[PDB]
Amino acid sequence: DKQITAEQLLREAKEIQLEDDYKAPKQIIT
Amino acid sequence: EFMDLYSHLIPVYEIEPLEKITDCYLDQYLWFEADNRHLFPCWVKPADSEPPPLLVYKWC
Amino acid sequence: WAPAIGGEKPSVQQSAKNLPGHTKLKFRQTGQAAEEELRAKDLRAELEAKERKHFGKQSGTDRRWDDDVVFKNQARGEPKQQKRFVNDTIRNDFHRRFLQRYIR
Amino acid sequence: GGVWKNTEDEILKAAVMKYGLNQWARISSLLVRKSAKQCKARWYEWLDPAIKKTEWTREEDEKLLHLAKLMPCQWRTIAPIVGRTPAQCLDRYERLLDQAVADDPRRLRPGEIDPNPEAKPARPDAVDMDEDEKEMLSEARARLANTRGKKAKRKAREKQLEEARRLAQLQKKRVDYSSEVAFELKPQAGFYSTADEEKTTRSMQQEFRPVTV
Amino acid sequence: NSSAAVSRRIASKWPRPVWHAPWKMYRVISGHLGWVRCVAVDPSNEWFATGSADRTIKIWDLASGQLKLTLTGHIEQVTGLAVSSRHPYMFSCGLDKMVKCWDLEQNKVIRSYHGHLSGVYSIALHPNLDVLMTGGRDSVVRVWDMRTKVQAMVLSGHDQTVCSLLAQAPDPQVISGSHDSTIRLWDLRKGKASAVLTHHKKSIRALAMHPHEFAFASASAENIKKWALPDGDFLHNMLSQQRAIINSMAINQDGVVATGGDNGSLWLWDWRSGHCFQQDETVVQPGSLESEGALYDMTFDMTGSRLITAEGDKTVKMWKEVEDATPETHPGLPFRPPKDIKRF
Amino acid sequence: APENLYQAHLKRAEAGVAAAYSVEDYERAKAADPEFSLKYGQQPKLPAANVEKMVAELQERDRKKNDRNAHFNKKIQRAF
Amino acid sequence: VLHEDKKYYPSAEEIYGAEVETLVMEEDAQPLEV
Amino acid sequence: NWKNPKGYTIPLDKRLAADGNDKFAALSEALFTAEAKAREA
Amino acid sequence: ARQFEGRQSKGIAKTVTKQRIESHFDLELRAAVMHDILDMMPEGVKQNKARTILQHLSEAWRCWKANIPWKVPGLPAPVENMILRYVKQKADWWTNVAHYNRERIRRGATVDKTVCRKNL
RNA sequence: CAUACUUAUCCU
RNA sequence: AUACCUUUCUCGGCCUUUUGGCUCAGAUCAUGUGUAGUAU
């Protein structure tokens, strides 16, 4: 009913958000 | 591809196996039929009857 | 992106290539274009002499058996090859001869 | 082995975008059924964007027939001059040739091996799936996304481990680039006297207001 | 004074150009298999050496242009050549980081000067001391004892490739020009620059001394400047811009300055007035690209009557004065003094 | 453009002289100071406010002011 | 017909003219021993 | 079209795009009337 | 001396040996192209597109090797001519090395085991 | 519960 | 209550770069059980 065009899947890959890195935790620092 | 015989290179052709089968059958069919017809006279000469040395000998 | 720059007890490691060798210089003697010998002459005389000698003394002047045969005279019209330099990697003559020789 | 199911055409096209036109065995790896030779053939015989799959012009037909008499049976030569691909040129010429004359020993037998499956259009994805047509697609999606390596994962975790160790040591308690200025280049003297400026800098260093990372 | 004041002084007093007979190219020599990169004339004026990108040094007859000998010992391009006037020695540097002393009585490499960290670009023999100077991509002029092969000195301070080098007997005994766009005049006793000249905007790929005057010319992609010695006083720019990277510059005893462009242009200037009396473009030998057309080296023969150019179409070209020319039949490009008022 | 940001530097010059200083300010600073030479190097007598003015002035300016593949193409549709 | 003895470039004589001497030096006049 | 260290997906034609006789008729005509004359004779 | 002074592992020059010959070529080649680039740019042009010119030179070399004609649509003709001249320099070098190694292989002169593969 | 992955563990 | 200037907000927009350089596209590209652990 919907098929498989590229671009949408590419957008899905973008959603898979790669590994852009999670920010270092902001632990309280004295 | 090239086969290195150090003083020269020999070209080596890799044909699709599916095609190879038709090509080898054609090869055999054509040589058999040509021989039946004597298409090639006896002067043309990697002939089946004689090795290359018996050819040098028949030339002498 | 950026080369190493090469600015300059002493170390006692002695290389083999740093052992004494050719420990005196040759200087130009009388007869090998030494500087005091060459002020003495007119180099333009010798250059124009040698160039004139070269440029003049290179110029040098002050029915049969073949009746069934289908093709006749097929070498006539062939180009005789020439001593020339082509500045092409693959289209020069050394290369064409090389590939003719080594690829069969 | 077999004709191309439309999911494979699209994985091949996504890989041609990701990998280019000379990595056919890298592209061949996404597709389990197809080899690099077949991927290359599918791209050049059907999925090259520069292939005109449109309907045939008729300037093109008369070019095709001129050529098929000029270079008889040389479809690989004929094909770029028509602008089509040799299988397009070939069957178009067969069509036109039967148009003049207006089973057959000249057609594919059931269970025979089709010579050029890479020339035929893609069998479309079906109402269902298979763990072949889904595990392949998921392998494709991942391999199309990933450009990372693994030790970056170690990285943050390792730093956290070290931070935890430092905290533990602090609890238990409960070059040097801060004793010295690294390779210090002092500003060169000028016409203006900077004694006061130096005092202010020291005061600023003395300050210890709370600041987050 | 000012730019305006000095411009009026210049409109009044600029030295007029001395008439120089035009030069014509009379000989192409083919046979190198890479860019010809360096030339050197022997002090006897009967052969010249050319080093190449094909890694060889060819010895050519200066009057017939005949290949006397090919010398192979470099692994990479030969970038610099220096024939000694006092020793039967040729010196070559190359992109292979190697400097070689060729014994010209053996036709063999007898010494090697080891120590450049990158490819060597320039070479110069001290005319009075048995010392040689090389510059390279390591931004450093290495001063070598000819005899002991020892690196007597490193002249430090340039930031990019030392591309050109001069050596003279008076102070500054080494002049270098670099890709960092400066010229350093060096005090060879102290190992220190005696002057840094920053007037150029591009890299100084060519230096040339005046044969008789205490003055040198430097050339950039943007200007050819003329500098008084010892102190490197800017004298002036050439009155025109070859709009080319200048790879090579040679100065004559008549004061013909030849500058050779990376685009294969060859301009002949009047030293002393700064005025270009001739402008040529190279013809590249058959097969060549017209992109492959640079002019990498040029030297005058010892008389000054021949200019040998080392070209990127892998030819040596030879130029002679059309000296049957007279200021009436052949004035060349004509002079208008620097009449403008400009900013300097 | 150096002409664009030059008239913006003159924006800043005339704006900041209209914003931080006045004519009697200037002329009485001078009236205290006969040398407006050969005094180069020695810091001049001016109110301590002036300093933060500059600082505040420039600080004023301040409050006015996959992943990598997206940028690449975003340069090309930009161009192509 | 013009074969694959095709010419791709003019000669050094067409390129440089009658008054430029064009030399092709592919081998040395003398040995290394001179 | 060989290299991609980053892995960037390139549009199919942004890859393809950047860095991309009359005697035959005489011969085939002569050969075809030769075929014809030979067959007819 | 190495035991008591330590290894002088510091900016002493490495020879260009047979194993470094091709990699040093490319060092020197790229440095040369970089020379030219910096001199070719006009006075106020951001001198950082040189890395993309070096990538175009890599590409043009692969395209030479594969016999592919290239035409970058927006390349300045100076930059393109520089690339063509240096790709031809590499092409001459590589072809001459192939001629040389073929004569050694034909003679039977000693060649490396990889020289046989590289020459084929 | 059926496809896959694997581990100097274990056989053929 | 209108005309002026002037000030505010909302749209429209943008470059290097993160490009591991080279070679024989560097080379090759793919013939397992059995358990268990896990994902499904």
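Naming convention: chains lettered A, B, ... in sequence-line order (proteins, then strands); numbering from 1 in each chain.
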field: Pairing annotation in dot-bracket form, given for RNA chain J with Watson-Crick or G-U pairs under 3.5 Å and | for cross-strand partners
entry: ..||||......
query: Tell me: NE2 of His71(F) to P of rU18(K), nearest whole Å?
result: 11 Å
Any residue of residues 6-20 of chain H with a heavy atom less than 4.0 Å from an atom of RNA chain K: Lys6(H), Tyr8(H)
- prompt: Passes side-chain contact (heavy atoms from CB on, under 4.5 Å), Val16(I) versus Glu28(I)? Steps please.
  reply: CA-CA 12 Å; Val16(I) 184; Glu28(I) 284 315 298; over 6 Å; no
message: Restricting to side-chain contact (heavy atoms from CB on, under 4.5 Å), what partner residues turn up for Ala31(I), sequence neighbours left out?
response: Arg137(E)
- line: Classified through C1'-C2'-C3'-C4' with positive north and negative south, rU17(K) counts as south
- prompt: Are any of the side-chain nitrogens in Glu10(D) or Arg141(D) under 4.0 Å away from the carboxylate oxygens of its partner?
  reply: no
- request: Check the distance between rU19(K)'s P and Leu57(I)'s CG and give it to me in whole angstrom.
  value: 18 Å
query: Is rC5(J) a north or a south sugar when classified by the sign of torsion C1'-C2'-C3'-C4'?
result: north
statement: Applying the 3.5 Å cut-off to both distances, the Watson-Crick or G-U partner of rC14(K) turns out to be none
query: Is it true that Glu57(F) and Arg61(F) make a salt bridge, defined as a side-chain N closer than 4.0 Å to a carboxylate O?
result: yes
Any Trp1(C) side-chain nitrogen or oxygen under 4.0 Å from OP1 or OP2 of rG20(K): no
message: Taking the P atom in each of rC29(K) and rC11(J), what is the distance between them to the nearest angstrom?
response: 34 Å
query: Taking only residues two or more places apart in sequence or in another chain, which ones pass side-chain contact (heavy atoms from CB on, under 4.5 Å) with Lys53(F)?
result: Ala20(F), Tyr21(F), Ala49(F), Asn50(F)
message: Distance check needed: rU18(K) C1' versus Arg148(D) CZ, whole Å only.
response: 11 Å
task: Indicate, yes or no, whether a donor-acceptor pair under 3.5 Å links the base of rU16(K) to the side chain of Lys75(F).
output: no
Please write out each protein N/O paired with an N/O of nucleotides 25-29 of chain K under 3.5 Å, distance rounded to 0.1 Å.
| from | atom 1 | to | atom 2 | distance (Å) |
| --- | --- | --- | --- | --- |
| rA25(K) | OP2 | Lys65(I) | NZ | 3.1 |
| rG26(K) | OP2 | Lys3(H) | NZ | 3.2 |

query: Quick one: do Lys37(D) and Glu16(B) make a salt bridge, cutoff under 4.0 Å?
result: yes
Give the table of side-chain donor-acceptor pairs shorter than 3.5 Å for residues 66-82 of chain I, with sequence neighbours excluded, one pair per line with atom names and distance.
| from | atom 1 | to | atom 2 | distance (Å) |
| --- | --- | --- | --- | --- |
| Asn81(I) | OD1 | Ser291(E) | OG | 3.4 |
| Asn81(I) | ND2 | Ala77(I) | O | 3.2 |

- request: Give the rounded distance in Å between these two atoms: NE2 of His56(I) and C1' of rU19(K).
  value: 12 Å
field: Distance-only donor-acceptor check, side chains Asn6(D) and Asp125(D), under 3.5 Å
entry: yes
task: Fit a plane to each ring of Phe25(I) and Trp93(I), take the angle between them on a 0 to 90° scale, and name the class: parallel (under 30°), tilted (30 to 60°) or perpendicular (over 60°).
output: parallel
- prompt: If you draw a 6.0 Å radius around NZ in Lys74(F), do more than 12 non-hydrogen atoms from other residues or ligands fall strictly inside?
  reply: no
query: What residues, two or more places apart in sequence or in another chain, satisfy side-chain contact (heavy atoms from CB on, under 4.5 Å) together with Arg68(F)?
result: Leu18(A), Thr147(D), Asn66(F), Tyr8(H)
- prompt: So, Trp35(E) and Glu292(E): side-chain donor and acceptor under 3.5 Å apart, yes or no?
  reply: yes
query: Could you give the CG-to-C1' distance, from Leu31(D) to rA30(K), as a whole number of Å?
result: 16 Å
- prompt: Under the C1'-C2'-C3'-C4' criterion, what is the pucker of the sugar in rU6(K): north or south?
  reply: south
- prompt: Would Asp19(H) and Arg62(I) pass as an ion pair if we require N to O under 4.0 Å?
  reply: no
field: Residue list, side-chain contact (heavy atoms from CB on, under 4.5 Å) with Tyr100(I), at least two apart or on another chain
entry: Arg104(I)
- prompt: So does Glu43(I) pair up with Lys201(E), basic N to acidic O under 4.0 Å?
  reply: yes
task: Give the nucleotide from the list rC22(K), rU19(K), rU23(K) with an atom nearest to the side chain of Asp26(I).
output: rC22(K)
- prompt: Considering residues at least two apart in sequence or located in another chain, which fulfil the ring pair (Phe, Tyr, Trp, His ring centres under 6.0 Å) criterion with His179(E)?
  reply: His35(I)
- request: Remember a base hit wins even if backbone is also touched, and classify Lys90(I) as base, sugar-phosphate or nothing at under 4.0 Å, heavy atoms.
  value: sugar-phosphate
Polar-atom pairs under 3.5 Å, protein N or O versus N or O of nucleotides 37-40 of chain K: list them with distances, or write none.
none

- prompt: Rounded to the nearest Å, what distance is computed from the CG atom of residue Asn73(F) to the P atom of nucleotide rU18(K)?
  reply: 17 Å
- prompt: Does the sign of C1'-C2'-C3'-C4' make the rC11(K) sugar north or south?
  reply: south
- request: Determine the interatomic distance between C1' on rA8(J) and the same-named atom on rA30(K); round to the nearest Å.
  value: 23 Å
field: Classification of the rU23(K) sugar, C1'-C2'-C3'-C4' positive north, negative south
entry: south
Please list, one pair per line, the donor and acceptor atoms closer than 3.5 Å that link side chains of residues 48-58 of chain I to other protein atoms, with sequence neighbours excluded.
| from | atom 1 | to | atom 2 | distance (Å) |
| --- | --- | --- | --- | --- |
| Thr52(I) | OG1 | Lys49(I) | O | 2.9 |
| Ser58(I) | OG | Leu54(I) | O | 3.2 |

query: What integer number of Å spans the P atoms of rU9(J) and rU28(K)?
result: 35 Å
- prompt: When the nearest nucleotide of RNA chain K is assigned to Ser23(I) and to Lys118(I) on a heavy-atom basis, which residue is associated with the more 5' position?
  reply: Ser23(I)
field: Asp92(I) bridged to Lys314(E) by N-O distance under 4.0 Å
entry: yes
statement: Sorted by position of nearest nucleotide on RNA chain K, 5' first, the leading residue of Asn69(F) and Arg78(F) is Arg78(F)
- prompt: Starting at NZ of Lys65(F) and ending at P of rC14(K), how long is that distance when rounded to a whole Å?
  reply: 15 Å
Spacing between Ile76(F) atom CD1 and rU16(K) atom P, to the nearest angstrom: 11 Å
message: Give me the distance, rounded to whole Å, that separates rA2(J) from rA39(K) when you measure between the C1' atoms they each carry.
response: 13 Å
- prompt: Which value, in whole Å, describes the distance between the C1' atoms of nucleotides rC10(J) and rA27(K)?
  reply: 35 Å
message: I need the residues from residues 30-55 of chain I with at least one non-hydrogen atom less than 4.0 Å from RNA chain K; give them sorted by number, or say none.
response: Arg30(I), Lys46(I), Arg51(I), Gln55(I)
- request: With the stacking criterion set to ring centres under 5.5 Å and planes under 30°, output yes or no for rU33(K) and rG34(K).
  value: yes
- prompt: Salt bridge between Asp112(I) and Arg117(I), side-chain N to carboxylate O under 4.0 Å?
  reply: no
task: Report whether the bases of the adjacent nucleotides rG26(K) and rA25(K) stack, using ring-centre distance under 5.5 Å and plane angle under 30°.
output: no
field: Candidate nucleotides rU19(K), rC15(K), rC22(K), ranked by approach to the side chain of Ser58(I) - the nearest
entry: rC22(K)
query: Are the six-membered base rings of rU17(K) and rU18(K) within the stacking limits, centres under 5.5 Å and planes under 30°?
result: yes
field: G-U wobble or Watson-Crick pairing nucleotide for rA25(K) (cut-off 3.5 Å, both distances)
entry: none
